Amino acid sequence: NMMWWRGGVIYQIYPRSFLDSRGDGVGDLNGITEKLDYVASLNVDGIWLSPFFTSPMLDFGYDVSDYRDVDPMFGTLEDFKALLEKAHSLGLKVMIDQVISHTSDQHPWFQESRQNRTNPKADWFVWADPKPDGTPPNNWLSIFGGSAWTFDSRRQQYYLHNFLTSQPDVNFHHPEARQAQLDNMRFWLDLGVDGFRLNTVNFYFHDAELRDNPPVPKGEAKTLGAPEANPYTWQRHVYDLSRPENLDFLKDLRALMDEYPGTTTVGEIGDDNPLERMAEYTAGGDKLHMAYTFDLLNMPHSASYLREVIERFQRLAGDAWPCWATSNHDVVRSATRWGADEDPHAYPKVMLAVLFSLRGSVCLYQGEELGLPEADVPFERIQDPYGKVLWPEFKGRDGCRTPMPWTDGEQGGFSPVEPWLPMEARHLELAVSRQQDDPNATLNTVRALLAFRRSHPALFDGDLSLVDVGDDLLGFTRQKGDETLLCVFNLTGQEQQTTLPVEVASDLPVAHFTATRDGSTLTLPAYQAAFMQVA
């Protein structure tokens, strides 16, 4: 079963906010270990762990100072081995983050690199002389504010950083650095990890000519990976990322993965044309296994929009393979971002049904299975530095990083002390304990939907074909071998009706969904889904 990843569902855990088992108010590995039974009960195929490596935590894990160890705040390496072993014992695959695009400035490589222009690791990072006027070498901007270049007095040069100043980008034009990062991945592969989520996978290479980016002409759409309030979105990003050379490196990376059968990779795409880039990076079977984009991580969410996304993707390379996600640690929770103007109890069910019925892999964010709304984090409680640069137009990512509601008790049973982010009040009555034995609650809807998905080959990796189901409905067929299923979704809060584009063999009941099939006319109540066998 070495193709488990091609259609499998992965449960993303944000370590800081899952479960605190030691008592410092911050989630740790042992808590995850304690809740692997819960995770397994979701009928998901595996997990993706956000960074838990040694880090100053200035970007909370994504500024890595030691690629081959666990930060004391999350526990130890042995703790991780225990977590991995128990997870394997439950039939769960374990994937972990890899942030090889950039390191913390506290990483030994950079500490050495910054001292002078001639040291062994001087070229392991991206250094450039200032312009004659002492200004940055080009117009590249940091996503987290300011120029992408920061001056260092030691070398009298600027160093590049797409994100924080404390996150210098690695110079992938230096083969030994590439190799060092590959080795860093190999370290974790040798420990038995089942795969990697590749942080900003298209960022790896930059234009060595350091050419200026062109601006986006007024009225054209901005990039999906950043809020429009961010000046980052004022230029087309062609030279600061997504270079051709990266393809070659991807092959190398894939080669490493090939040395360990059954392992996989999912790339995070941050690009002006995310679908196209995902196709490019996941094509050939010699590069990325799969990748996800921000197309379903933004504001549009109509059935017509989904149709546009699916159509657009189907026009790309057919050998490509997508991973779909409606929520993660970087965006507003799906129940709020998409379903703010919808029923808070009904909409997450049909949304997640759509997510689970799309052709591709799935990323399911912690709490999304509870239909958790975006939390309101007060100014004085803000932790994410990305929330302190564009306030209040953009308030950062803390809203989706609030602690997991296990019980409706004190601090949601997350911690015996005050957690690093405040527990959201509204989450308490949506807690796991309050929701576990409720068959009408979103959790069990998710369980049933994923078991249902698991019982049908067509919903694993079957082909997808859009069909006419009306303007206010989303409809398509999934086909593999004997089995052809018709999937119809009502994402609206109003009853909808359509003529069936194919012939139904039998109705398929799943997760207490209600739909009326009268001959050739199908009716769907508000926020309902319909699955059917096709003759």
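The numbering used is simple: start at 1 and walk along the sequence shown.
Per the PDB record, of the two stretches 137-145 and 409-417, 409-417 carries the greater mean B-factor over its C-alpha atoms.
Remark: stretch with higher mean C-alpha B factor among 304-312 and 356-364 is 304-312. The entry assigns its greatest Cα B factor, within the set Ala375, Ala335, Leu241, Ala448, to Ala448. For the set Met57, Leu500, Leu486, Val26, the PDB entry puts the maximum C-alpha B factor at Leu500.
Among the modelled residues of its chain, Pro392 has a C-alpha B-factor that falls in the middle third according to the deposited record.
Among all modelled residues in its chain, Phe74 ranks in the highest third by Cα B-factor. Per the PDB record, residue ranking by Cα B-factor puts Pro261 in the middle third of the chain. The deposited CA B-factor of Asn490 belongs to the highest third of values across its chain. When the CA B factors of the chain's modelled residues are split into thirds, the value for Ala515 lands in the highest one.
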